[PDB]
Amino acid sequence: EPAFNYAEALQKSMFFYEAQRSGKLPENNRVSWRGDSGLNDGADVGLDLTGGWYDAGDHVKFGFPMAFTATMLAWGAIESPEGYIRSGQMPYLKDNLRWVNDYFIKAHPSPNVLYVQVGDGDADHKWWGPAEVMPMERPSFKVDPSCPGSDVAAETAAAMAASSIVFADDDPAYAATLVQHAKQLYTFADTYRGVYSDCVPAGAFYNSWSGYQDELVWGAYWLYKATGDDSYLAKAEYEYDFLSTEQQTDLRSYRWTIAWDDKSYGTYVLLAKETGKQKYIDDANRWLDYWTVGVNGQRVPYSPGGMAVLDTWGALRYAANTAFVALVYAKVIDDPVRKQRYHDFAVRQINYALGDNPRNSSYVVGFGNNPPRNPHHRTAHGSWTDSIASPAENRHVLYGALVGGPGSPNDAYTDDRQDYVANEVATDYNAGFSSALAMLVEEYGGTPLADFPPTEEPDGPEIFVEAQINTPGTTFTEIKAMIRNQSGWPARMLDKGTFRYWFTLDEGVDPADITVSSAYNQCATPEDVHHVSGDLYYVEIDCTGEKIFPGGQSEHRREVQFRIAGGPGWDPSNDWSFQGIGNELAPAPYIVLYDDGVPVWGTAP
Ligand SMILES: OC[C@H]1O[C@@H](O[C@H]2[C@H](O)[C@@H](O)[C@H](O[C@H]3[C@H](O)[C@@H](O)[C@H](O)O[C@@H]3CO)O[C@@H]2CO)[C@H](O)[C@@H](O)[C@@H]1O
Ligand SMILES: [Ca+2]
Ligand SMILES: [Ca+2]
């Protein structure tokens with residue numbers, strides 16, 4: 001039977017993409033720890049740019065990798081719709097693709113204008129906290145004729161074109177809209193030549209290293225498949241001759257692999273598959289050979305454990321990308337030896353990621369044996385103090401996310417959230433990986449979990465009030481209260497909070513003589529007390545206007561010290577809210593906290 005349950009892995013991979021969503025989430029949201037976020041995206045330019053996916057463990061919406069991810073996901077669904085159908089994940093794949101494509105449509109207000117980034121890398125990365133309460137400004141960036149971006153425009157064209165093929169039978173109207181958009185974007189990319197990173201501040205994160213030549217071939221091919229227009233195939237084959245050669249020879253690049261930046265490698269296989277020309281077969285063969293048996297004595301580094309390690313960053317992402325394409329190629333090539341070689345290589349690399357390695361551990365969060373528990377992800381972590389170090393363990397399980405893994409050919413790895421090398425996660429990391437999984441499900445099978453996702457429960461009160469006796473007294477009660485917002489299911493703002501402290505009027509105490517004072521109060525200090533009925537009264541502290549959210553030391557809490565002086569006769573032992581308050585700060589269950597008038601914590605009399 002399947003060495004690993006590929007269907008379950010795919011099922012969880014689809015969940016990962018759902019957890020990366022930005023904007024107003026649907027009613028059917030499966031990720032209980034995710035809520036609405038980035039609701040003001042595009043506002044700075046008068047556009048609705050909400051939606052799309054957060055790139056990695058951060059909250060920037062990087063259009064280049066986002067588009068590539070979409071193209072790769074669509075490609076896998078086209079190659080193996082059966083894998084998706086059998087794992088019962090086809091509806092989730094479509095849902096995910098529709099989500100990102102709806103964003104691309106919004107980001108393309110007119111034929112030659114494409115918004116390629118929402119958020120600033122540096123501003124975004126300086127803060128460590130949940131997406132729902134991001135406190136910083138998020139700038140929108142775009143490319144147009146004045147400052148083009150052929151690479152990102154052609155990639156978005158390819159994503160929309162590829163995706164249209166997936167919706168073709170389901171929603172032909174939607175598929176038509178995507179094709180129309182892809183045509184415009186490609187014309188823009190072809191007419192106004194230029195590297196997008198020269199126009200938008202993405203160079204430090206997703207710089208266009210390879211340039212746009214590869215995207216022109218890639219985009220042309222996909223539009224050909226989506227339209228059936230021969231001119232596109234012609235365009236692709238023409239542009240193919242301008243692809244990068246290697247070092248000193250006239251041999252096209254074969255030492256890297258396909259990823260968010262370089263699509264050359266994908267076109268080798270795609271064109272070979274389409275035309276059957278020896279030209280493409282030679283290129284594709286050379287590349288895949290380098291990753292397996294080597295060419296001219298040179299071969300991609302391999303660990304003793306059997307992992308192909310291309311580079312330090314997202315090592316497993318590269319191996320998985322190659323594995324998917326090797327699986328596709330293995331089907332078109334006739335050579336029995338090459339077919340076996342490429343196919344077996346792909347299965348071995350994916351199996352390594354699922355647990356077949358020297359550590360005997362899965363590299364997919366929430367899957368298999370001894371998986372990573374602390375991926376470098378802000379929202380999954382759920383910090384409320386703007387610290388990557390607290391709490392020790394991530395508060396949520398980011399099911400399905402493939403981590404960077406071993407960055408050196410020695411199979412070494414440490415599950416450490418602070419290691420952005422080994423524990424980084426990203427939308428592009430799961431792209432080739434998912435497509436590979438779909439191919440494997442079709443071949444080896446597997447069964448998805450009937451009840452997934454699990455419903456997580458909070459690790460304690462999320463929004464509450466702690467209290468302690470600040471100064472002991474007989475004619476007064478001085479409390480030191482602390483409002484806390486450590487929410488994570490999902491993280492949410494508390495900007496309209498107030499709390500009540502009930503007390504019973506005592507014999508010999510005139511309510512008119514009761515005073516409430518403070519020497520330190522981050523909220524308002526009331527002048528009077530409120531009579532409920534009989535001898536029941538309450539003091540109300542008003543914190544409306546204070547933004548209490550899980551995003552920093554001072555941000556997540558509000559300190560309130562208040563003294564209720566009643567004079568001789570004052571007796572707190574018959575006071576409702578006094579029950580259980582001691583000398584140590586601890587949750588006060590009898591002090592009720594309200595959010596815009598609605599009880600959120602504590603029990604009233
Ligand atoms: O020159 C070698 C090949 O480079 C490819 O571009 C890669 C860059 O060289 C590499 O530094 C960059 O690393 C990224 C990584 O992709 C990203 O996922 C991670 O989060 O951050 C890294 C930087 O810190 O990756 C790109 C893409 O592989 C060219 O695409 C290729 O043509 C060229 O031969
Ligand atoms: Ca490129
Ligand atoms: Ca009393």
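Starting from 1, each residue takes its place in the sequence as its number.
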Exercise. Name all residues meeting the ring-ring contact (aromatic ring centres under 6.0 Å, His included) criterion together with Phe167; count only those two or more places apart in sequence or in a different chain, and write none if there are none.
Key: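 Testing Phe167 for ring-ring contact (aromatic ring centres under 6.0 Å, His included), a comparison that skips the adjacent residues, returns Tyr174.
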
Exercise. State which residues pass ring-ring contact (aromatic ring centres under 6.0 Å, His included) with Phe452; sequence neighbours excluded, sorted by chain then number.
Key: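 ring-ring contact (aromatic ring centres under 6.0 Å, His included) check on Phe452 returns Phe15, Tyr399.
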
Before accepting this row, confirm whether a basic side-chain N of the pair [X]/[Y] lies closer than 4.0 Å to the acidic partner's carboxylate O.
X      : Y      : value
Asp335 : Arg341 : no
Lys331 : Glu79  : no
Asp241 : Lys279 : yes
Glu246 : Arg255 : yes
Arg317 : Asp428 : yes
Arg252 : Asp282 : no

Quiz item: Does NZ or CZ of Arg299 come closer than 6.0 Å to the centre of the six-membered ring of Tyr302, within 45° of the ring's axis?
Solution: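 Ring-cation test returns yes.
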
Quiz prompt | Row check, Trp53 ring normal vs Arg21 NZ/CZ: under 6.0 Å, within 45° | solution =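 The answer is no, since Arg21 fails at least one limit relative to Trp53.
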
Can a donor-acceptor pair be found between the side chains of [X] and [Y] at a distance below 3.5 Å?
X      : Y      : result
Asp261 : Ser210 : yes
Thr71  : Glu155 : yes
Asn369 : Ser362 : no
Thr414 : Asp416 : no

Self-check item: Pair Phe242-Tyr238, ring pair (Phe, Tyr, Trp, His ring centres under 6.0 Å): steps then yes or no
Solution: CA-CA 8 Å; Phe242 302 111; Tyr238 170 68; 5.3 Å; yes

Quiz item: Considering the options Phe433, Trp75, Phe345, which one meets the ring-ring contact (aromatic ring centres under 6.0 Å, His included) requirement together with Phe324?
Solution: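 For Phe324, the ring-ring contact (aromatic ring centres under 6.0 Å, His included) check succeeds only for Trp75.
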
Exercise. Kindly state each residue pair satisfying salt bridge (charged side-chain N to carboxylate O under 4.0 Å, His left out) with at least one member in residues 209-218, sequence neighbours excluded.
Key: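 Those involving residues 209-218 are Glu215-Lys263.
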
Practice problem: Please say which of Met14, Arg86, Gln11 ends up in a side chain to side chain contact (heavy atoms under 4.5 Å, CB included) with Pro448. | Solution: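 For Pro448, the side chain to side chain contact (heavy atoms under 4.5 Å, CB included) check succeeds only for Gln11.
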
